[PDB]
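The listed protein sequences derive, respectively, from chains B and A. Residue numbers for the first sequence, in the authors' numbering: 3 to 67, 76 to 222. Residue numbers for the second sequence, in the authors' numbering: 3 to 67, 76 to 222. Worksheet for the structure shown next.
Number of protein chains: 2
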Amino acid sequence: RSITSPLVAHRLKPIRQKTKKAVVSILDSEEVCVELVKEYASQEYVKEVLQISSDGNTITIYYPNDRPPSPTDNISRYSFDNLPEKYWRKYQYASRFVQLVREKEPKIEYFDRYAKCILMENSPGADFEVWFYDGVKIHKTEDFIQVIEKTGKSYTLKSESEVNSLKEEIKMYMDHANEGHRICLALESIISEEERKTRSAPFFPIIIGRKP
Amino acid sequence: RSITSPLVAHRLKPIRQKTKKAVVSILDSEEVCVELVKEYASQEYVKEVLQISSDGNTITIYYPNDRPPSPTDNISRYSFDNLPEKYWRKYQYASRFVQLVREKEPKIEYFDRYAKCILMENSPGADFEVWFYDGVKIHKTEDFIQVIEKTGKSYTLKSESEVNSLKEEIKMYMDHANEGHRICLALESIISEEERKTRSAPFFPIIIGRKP
Numbered sequence: 003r004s005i006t007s008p009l010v011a012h013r014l015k016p017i018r019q020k021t022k023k024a025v026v027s028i029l030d031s032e033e034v035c036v037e038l039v040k041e042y043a044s045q046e047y048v049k050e051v052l053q054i055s056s057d058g059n060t061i062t063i064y065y066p067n076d077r078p079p080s081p082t083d084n085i086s087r088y089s090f091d092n093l094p095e096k097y098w099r100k101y102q103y104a105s106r107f108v109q110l111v112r113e114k115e116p117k118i119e120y121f122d123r124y125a126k127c128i129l130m131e132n133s134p135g136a137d138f139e140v141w142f143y144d145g146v147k148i149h150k151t152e153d154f155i156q157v158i159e160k161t162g163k164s165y166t167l168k169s170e171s172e173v174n175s176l177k178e179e180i181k182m183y184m185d186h187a188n189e190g191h192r193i194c195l196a197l198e199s200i201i202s203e204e205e206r207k208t209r210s211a212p213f214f215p216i217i218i219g220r221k222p
Numbered sequence: 003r004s005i006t007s008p009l010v011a012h013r014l015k016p017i018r019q020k021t022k023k024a025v026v027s028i029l030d031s032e033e034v035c036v037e038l039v040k041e042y043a044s045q046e047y048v049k050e051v052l053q054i055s056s057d058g059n060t061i062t063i064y065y066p067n076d077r078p079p080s081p082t083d084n085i086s087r088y089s090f091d092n093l094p095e096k097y098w099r100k101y102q103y104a105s106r107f108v109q110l111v112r113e114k115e116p117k118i119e120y121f122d123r124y125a126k127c128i129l130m131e132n133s134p135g136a137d138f139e140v141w142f143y144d145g146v147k148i149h150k151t152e153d154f155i156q157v158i159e160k161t162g163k164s165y166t167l168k169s170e171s172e173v174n175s176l177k178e179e180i181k182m183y184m185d186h187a188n189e190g191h192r193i194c195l196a197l198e199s200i201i202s203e204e205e206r207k208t209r210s211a212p213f214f215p216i217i218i219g220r221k222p
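Next up, the structure:
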């Protein structure tokens, strides 16, 4: 708990990503599995299966001795708080993969007067992309802001301290982009509060308005 | 006002519906024009143009003596409340045209556990269509409820004694549709309440969730 936040894979599209360290996948049930694989002879196979619940709270490990291996009798279960030092690095690897996905998949896609405002799933501090209808793009991250001109020229900035030195050509775009970012954030809280009151379908992702 | 409610053409797609009596169209400015047409020589033309504001409150009529002609000096203006008996019938013609459009264009398109719930623009009492993933359809109007079974059989319900005559197989569907209806209406009110506070682009139409 002291190293990383719980893995949350709510509302993510299913995917099976094969990497050099392990094969990590998001299931249709929103659970995340990491398959530890080892090379042998002319065909590799699975050595250990780590399955993390969609909220990151419950972890099960099994191995019966391109699809998820079936559950077996040789299965152990731990809670997030009671995760051993073994599997510690493995959980974080799965978390990194999930963040890589949450950073790209949108949560609120809002079409305003001048741009397509996209609020990403990787909350808190969720990434926010503003695609202006004129070709200009602003990409807001928690750490930095990327600004791209219509001609393909681009540059990165960092923070509020740079505002009083910003050219008007960008400042007007930014004044709007921050208004759009506020609106998406305001709606997220407003709808999320309504979502929590009803045991029903999720209310995300949402699309507001239509592109012109 | 005692005859019809004001014409409202907010958030509607542009359209030009041509008849042999008049041409009624929705502009990209959300204004609605009715062009009175008469046959002339080898090419028919417009004799009088009536322009209704997007909220139905302001009506202007002009004619200087395939799109609306530019405004002229021979123009008169009325408010909705003091609209003369002359041209009264034309306002109603445009009003019914807009309602036909508002009845079909969606406002909230919500994907729940079992159906695609569509809340239409023709508020108050907006039509609500529930398209179940298994093929069952329930169409709720202010006046009646139409139920279409998965096998193609269909019937309408006009009174409670008929609603309570439904098979339990269908009552389960109707109970679900009513919960979907409540949620869409609750969100419609909640978002509208936020929309009224924000000097920005409209917050409708919206899509909630993704088809499974």
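Note that the Cβ used here is the ideal one computed from N, Cα and C, for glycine as well.
Contacting positions in the region 110 to 123 of chain A - beta carbon closer than 8 Å to chain B: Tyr120, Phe121, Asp122 and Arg123
Cβ closer than 9 Å: which chain A residues qualify as neighbours of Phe213/B? Stepping through the first sequence from its first residue, residue 213/B is reached at position 203. Those are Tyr120, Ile193, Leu197, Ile218 and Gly219, listed as they occur along chain A.
Does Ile200/A get closer than 7 Å to chain B when you measure Cβ to Cβ? Residue numbering aside, residue 200/A sits at position 190 when the second sequence is read from its first letter. Yes - at least one Cβ of chain B is within 7 Å of the one on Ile200/A.
Could you name the residues of the same chain whose beta carbon sits closer than 7 Å to that of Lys22/A, not counting the 5 residues immediately before and after it, in chain order? Taking the first residue of the second sequence as 1, we reach residue 22/A at position 20. Taken in chain order, the list of residues that qualify is empty.
Let me check understanding here. Comparing Cα to Cα, which of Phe154/A, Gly145/A, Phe142/A and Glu119/A lies closest to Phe214/A? Looking up residue 214/A in the second sequence gives position 204. Of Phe154/A, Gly145/A, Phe142/A and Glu119/A, the residue nearest in Cα terms is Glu119/A.
Enumerated in chain order, which unbroken segments of the alpha helix (DSSP H) with a length of 4 residues or greater are wholly contained in the region 90 to 114 of chain A? 98 to 112
Indicate the three-state DSSP secondary structure (helix, strand or coil) for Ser86/B in the structure shown. Start at 1 with the first residue of the first sequence, and residue 86/B comes out as number 76. Reduced to three states, the DSSP call for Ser86/B is strand.
Using a Cβ-Cβ cut-off of less than 9 Å, list which residues of the region 166 to 190 of chain B approach chain A; keep chain order. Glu189 and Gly190
Beta-carbon proximity of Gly190/A to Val140/A, cut-off 7 Å: Residue mapping note: residue 190/A aligns to position 180 of the second sequence, counting from 1. Residue mapping note: residue 140/A aligns to position 130 of the second sequence, counting from 1. Contact flag set, yes.
How many Å lie between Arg13/B and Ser105/B at the Cα? For the purposes of this step, residue 13/B is taken as the residue at position 11 of the first sequence. For the purposes of this step, residue 105/B is taken as the residue at position 95 of the first sequence. Looking at the two C-alpha atoms, the distance is approximately 15 Å.
Could you tell me whether any Cβ in chain A is nearer than 7 Å to the Cβ of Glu32/B? In the first sequence, counting from the first residue as 1, residue 32/B sits at position 30. With 7 Å as the cut-off, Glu32/B does not count as an interface residue toward chain A.
Identified DSSP bridge partners for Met130/B: Taking the first residue of the first sequence as position 1, residue 130/B is located at position 120. Answer is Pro116/B, bridged to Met130/B.
Quick one: what's got a C-beta closer than 6 Å to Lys40/B's C-beta in the same chain, skipping five residues either side? Residue 40/B sits at position 38 when you count from the first residue of the first sequence. Result list for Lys40/B: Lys49, in chain order.
Chain-ordered chain B contacts of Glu204/A [CB-CB under 8 Å]: Counting from one through the second sequence, the residue named residue 204/A turns up at place 194. In chain order: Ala196, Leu197 and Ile200.
Of all the CB atoms in chain B, is at least one closer than 7 Å to the CB of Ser210/A? In the second sequence, residue 210/A corresponds to position 200, counting from 1. It does; some Cβ of chain B falls within 7 Å.
Can you tell me whether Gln45/A is buried or exposed? The criterion is at least 16 other CB atoms within 10 Å of its CB, across all chains shown. As a position in the second sequence, residue 45/A is number 43, starting the count at 1. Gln45/A is exposed by the Cβ-count criterion.
From the DSSP secondary-structure annotation, give me the bridge partner or partners of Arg18/A. Translated into the one-based positions of the second sequence, residue 18/A becomes position 16. Beta-bridge pairing links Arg18/A to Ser27/A.
Where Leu176/B and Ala136/B are concerned, what is the direct C-alpha to C-alpha distance, given to the nearest angstrom? Counted from its first residue, the first sequence places residue 176/B at position 166. Counted from its first residue, the first sequence places residue 136/B at position 126. Computed Cα separation, rounded: 24 Å.
Contact defined as beta carbons within less than 8 Å: I believe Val51/B pairs with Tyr64/B. What is the distance between those atoms, to the nearest angstrom? For this step, residue 51/B is matched to residue 49 along the first sequence. For this step, residue 64/B is matched to residue 62 along the first sequence. Between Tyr64/B and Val51/B the Cβ distance is about 5 Å, and since that is below 8 Å, they are a contact.
The alpha helix (DSSP H) with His186/B in it runs from where to where? The residue given as residue 186/B occupies position 176 in the first sequence. Counting along the chain, the alpha helix (DSSP H) containing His186/B begins and ends at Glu178 to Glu205.
What separation, rounded to the nearest whole angstrom, lies between the Cα atoms of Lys126/A and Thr62/B? In the second sequence, residue 126/A corresponds to position 116, counting from 1. In the first sequence, residue 62/B corresponds to position 60, counting from 1. Near 35 Å, if we compare the C-alpha coordinates of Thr62/B and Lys126/A.
Sorted by chain position, which residues of the same chain lie with C-beta nearer than 6 Å to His149/B's C-beta, five sequence neighbours on each side aside? As a position in the first sequence, residue 149/B is number 139, starting the count at 1. Cβ within range, chain order: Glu139 and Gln156.
Considering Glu172/A, what are the terminal residues of the alpha helix (DSSP H) in which it resides? Stepping through the second sequence from its first residue, residue 172/A is reached at position 162. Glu170 to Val173 is the span of the alpha helix (DSSP H), which, as asked, contains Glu172/A.
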